[PDB]
Amino acid sequence: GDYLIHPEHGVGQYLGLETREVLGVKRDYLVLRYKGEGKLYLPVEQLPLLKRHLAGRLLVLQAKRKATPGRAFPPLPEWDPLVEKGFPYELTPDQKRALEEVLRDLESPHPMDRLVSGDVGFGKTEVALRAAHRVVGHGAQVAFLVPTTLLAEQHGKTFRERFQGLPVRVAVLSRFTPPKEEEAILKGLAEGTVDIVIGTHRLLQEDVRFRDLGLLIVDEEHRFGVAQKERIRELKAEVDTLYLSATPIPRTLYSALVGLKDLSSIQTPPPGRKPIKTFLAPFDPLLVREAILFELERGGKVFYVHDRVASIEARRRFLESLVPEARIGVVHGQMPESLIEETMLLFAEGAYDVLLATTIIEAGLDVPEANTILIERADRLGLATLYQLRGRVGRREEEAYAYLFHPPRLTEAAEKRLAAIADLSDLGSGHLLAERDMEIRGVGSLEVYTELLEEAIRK
Amino acid sequence: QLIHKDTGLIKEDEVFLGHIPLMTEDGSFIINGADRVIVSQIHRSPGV
Amino acid sequence: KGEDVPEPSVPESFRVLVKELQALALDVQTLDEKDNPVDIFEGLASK
Amino acid sequence: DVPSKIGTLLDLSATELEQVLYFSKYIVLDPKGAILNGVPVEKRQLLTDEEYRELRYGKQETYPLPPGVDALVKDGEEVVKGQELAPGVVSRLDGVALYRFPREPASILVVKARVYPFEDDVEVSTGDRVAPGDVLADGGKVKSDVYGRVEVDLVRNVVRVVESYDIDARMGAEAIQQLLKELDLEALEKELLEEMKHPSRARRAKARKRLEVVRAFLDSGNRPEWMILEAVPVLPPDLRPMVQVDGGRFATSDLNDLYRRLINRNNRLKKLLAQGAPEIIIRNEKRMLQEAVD
DNA sequence: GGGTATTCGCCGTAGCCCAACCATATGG
DNA sequence: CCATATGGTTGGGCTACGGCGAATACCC
Ligand SMILES: Nc1ncnc2c1ncn2[C@@H]1O[C@H](COP(=O)(O)OP(=O)(O)OP(O)(O)=S)[C@@H](O)[C@H]1O
């Protein structure tokens, strides 16, 4: 009759002692009642192994800030040549058009709310680079809630690659960020002596205080979160919003998003490009042997993905038993930042040869030398992730080879999904119409929206 | 009583194992509202 | 209309059987008595 | 259907057409004067892809050795099978040998190749295949004496030639159709009559059945190649009526699903051949194509 | 090698899984 | 005081005989 606590199974209620029976074995038991008549007979040798004792609110908020101007932006047309010098490359005229388009959306007193899309690998950073430079040109802070902390690290590397001649105080807050640096950055932008922040949603869950809520540029909201989309809405009180989410939500918001988000896609985003020479098969290890021979011939890098449902280092040893030539390394999650950044700088070193990830969030890096990608688990993947793997490898002046494997050759949803993947030819808007079909399946209302549009002007 | 021989762990429970159709008073069965019955089956006896 | 019902020409079952056989990569040659290849479809669905 | 009429004509078994129609072994078209491990090859011949490669590219064995150690064989040297090519590694086959990394080699290949040192120009280029007794280099002085593909060597001034055959064998219904294009039924009928003149009643009955089938091919006026399909017809859609029942479902003939799978696999393999894919998935996709049309 | 059975042998007869991220506790 | 083990958060996506015959067996 005690509120005992088993160290393994939590709650327990003391009932007495039992001299119960085993197969001819006389060991004794102390007995515990659990939740719903769980009568565990623990042997007495465990004597020290026991202890004693809704959304329409947010909808009308969204329609309010849609109806609300908020703030205006001056152009400042002299600062941007200075940092515009800092990238020695040409700008696509479609991209330059979308740049000036979203910047005139910034300069209006209405909230800037756009989405530039296009087939990836073209410097979607650069429009955000010069927009953020104009925003810090007026002293306003720049935030970047990122999909992956790896992409946060790479984006901070690119930002510091641009912010050499600027006194811009950049920072990255994540789980991977060390805690002294975490609360030091929380302090530094809480009083605003840190200018531009990147990171995952510790930025959104540790209740940080901001200093200028002007520009919010978020990418890849498709895997951010639905209630975390509402968390974005909590962050987005009277702000100007940019989404570089070329991969959208499956029309559960993107149906209504058309119309009030002026879709600002660009075509032929990069010139000098190559069609991704994809293939598809079931699994075969000799094909992997020939493929890694191909990539060591061209001297390139290899991504390799997995399901993470088990350990991946045993699979890695199996591939090394297949190929004892290259140097294969796993970038599995649930490791400290030391391990992850050591793997990142070793693949920057490149003595390690095959990046064995398990997630696009584990592998959303624009590594240049990669031109070979192989997937075992393409059956259990959403289409957006799949083409994000496809475009996530890809560099100038180089072909690319993709090897996606079907274990059953039979799952009809994934069969037609991989079919409408494999219809690809090259870059340019095929992802957009593919997303359109996926969003047709995504919905598969305007009436309440006509109601809320009416009352939002009254509010 | 899930009983491991070695560690003596006796996880005792009262599990639920589905439903068993009950005979009516007169001897029928009520399956999905339909009135059904079971007929005996003769066969060869076992043995030698 | 109140007259005698007339008599059909090419059989409906005949026609669908010819098209099923032509579906099986098998030409079937409907002949007269003097080996003139007679059409039963009147060039309706044939180029 | 037993007996297989294609196998009845082209003199095979059901297992062999199963092989060549599901890409298990090659079958030849012209022997081109090749050989198979001592016995020459003939028409309508099974051939593994191992043997296909061996008669096309051949058996080349490369060997490791102790690092920084000079071998008994020098660069571009004739090797006898059984030779101590290394300080300690015995030979395996017959051909000429090449080093990898001196200082004094690190590894050494040997190949099925003849060598002929050229002084003047070469009359051919690399990759050219040529029968014996035909000229190769030095204005015709260096000449081909083995069946093989030529590799020039301006470094050592040696026209070598890796000894291989140019036999054409294929794996497919295209190759079966190719063989079906090449059947004179007349001498076929005549030699069937000659087997009728033989006593042996079993071979007499087999030739009798083959003769009756080929006489049917004579009188019916048909190319046997028309047994192979190249453009499959598509039924009227109403005869496969995919219609909407009241429950929202579609009462659907399975022929629509069959046509869909065929169109999917066919256009997929068109796209696959459109890029020049590696051949393994090409073979697997043609396997699935024959499976689908089956 | 032709002739004679032969004997089997098949032909016909609406629920989870897993991934990343943030949090608390917890050990050097 | 700093650095992991494990918790729980949301999200993303996903499932047996008639019976002709025939290679074969048996025979001369
Ligand atoms: N003006 C430009 N024109 C063409 N390519 C550019 C330009 N600026 C940058 N790039 C390239 O675009 C790439 C940027 O990396 P990516 O992330 O792959 O492209 P992104 O579109 O910015 O990001 P995504 O679309 O989310 S993958 C780099 O390889 C740059 O070299």
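Deposited coordinates in this entry are attributed by the record to cryo-EM, at a stated resolution of 4.1 Å.

Peer 1: So what's going on with the interface of chain B and chain A? Which residues, and what values?
Peer 2: Taken together, the 11 residues of chain B in the interface contact 13 residues of chain A. For the chain B face of the interface with chain A, the top three residues by lost area are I10, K11 and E12 of chain B, together amounting to 46%. Our count for the contact surface shared by chain B and chain A stands at 0 salt bridges. Remark: the boundary between chain B and chain A carries 6 residue pairs in polar contact. Along the lines of polarity and charge, the residues of the side of chain B that touches chain A split into 2 nonpolar, 3 polar and 6 charged. Where strand β4 (residues 38-43) of chain A meets strand β2 (residues 10-12) of chain B, 3 bridges bridge the pair, whose relative direction is antiparallel. If you follow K39 of chain A over to β2 of chain B, its bridge partner there is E12 of chain B.

Peer 1: If you had to explain the site of the ligand to someone new, which residues and values would you point to?
Peer 2: Residue and element names in this part refer to chain A. Around the ligand, the structure places 15 residues, and the nearest of them are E90, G123, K124, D366 and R395. Between the ligand and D366 there is a distance of 2.9 Å, counted from an oxygen atom to a side-chain nitrogen or oxygen. Bound to the protein, the ligand loses 86% of the 640 Å² it would expose on its own. Looking at the shell around the ligand, its residues break down into 5 nonpolar, 4 polar and 6 charged.

Peer 1: Describe the protein's contact with DNA strand F, with residues and values.
Peer 2: All names here are of chain A. As a structural note, the neighbourhood of DNA strand F is formed by 13 residues, with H222, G225, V226, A227 and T411 the closest of them. The contact atoms of DNA strand F, taken as those within 4 Å of the protein, divide so that sugar and phosphate hold 96%. At a separation of 3.4 Å, a base oxygen of DNA strand F approaches a polar side-chain atom of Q228. Contact distances for DNA strand F include 3.2 Å between a phosphate oxygen and a side-chain N or O atom of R417.

Calculation notes
- Each residue takes a number counted from 1 along its chain in the order the sequence is written, a numbering that need not match the entry; residues with no coordinates do not appear.
- Note on labels: chains are lettered from A, ligands numbered from 1, in written order.
- Only a portion of a larger assembly is displayed here, and every value given applies to that displayed portion alone.
- Heavy atoms from the whole structure form the basis of all side-chain values; hydrogens and water molecules are not counted.
- Two residues qualify as a contact provided that any one of their heavy atoms is within 4.5 Å of a heavy atom in the partner residue.
- The buried area of a pairing is the accessible area, by a 1.4 Å probe, that goes missing from both parts when the two are put together, added over both.
- By definition, a salt bridge exists where a carboxyl oxygen of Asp or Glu is found within 4 Å of a side-chain nitrogen of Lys or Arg.
- Polar contact is defined as a pair of N or O atoms within 3.5 Å, subject to the rule that within protein one atom must be able to donate a hydrogen and the other to accept it, and that residues adjacent in sequence are counted only when both atoms are side-chain atoms.
- Residue polarity follows a fixed list, in which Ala, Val, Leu, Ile, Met, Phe, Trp, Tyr, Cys and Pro are nonpolar, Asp, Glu, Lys and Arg are charged, and the others, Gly among them, are polar.
- Note: two strands are recorded as paired if DSSP finds a minimum of 2 bridges between them.
- Secondary structure elements are taken from DSSP: a helix is a run of H or I of four residues or more, a strand is a run of E of two residues or more, and numbering for both begins at the N terminus.
- Proximity is defined per residue: any heavy atom of the residue falling within 4 Å of a molecule or strand makes that residue near it.
- Note on areas: Shrake-Rupley, 1.4 Å probe, and residue coverage restricted to the protein chains presented here.

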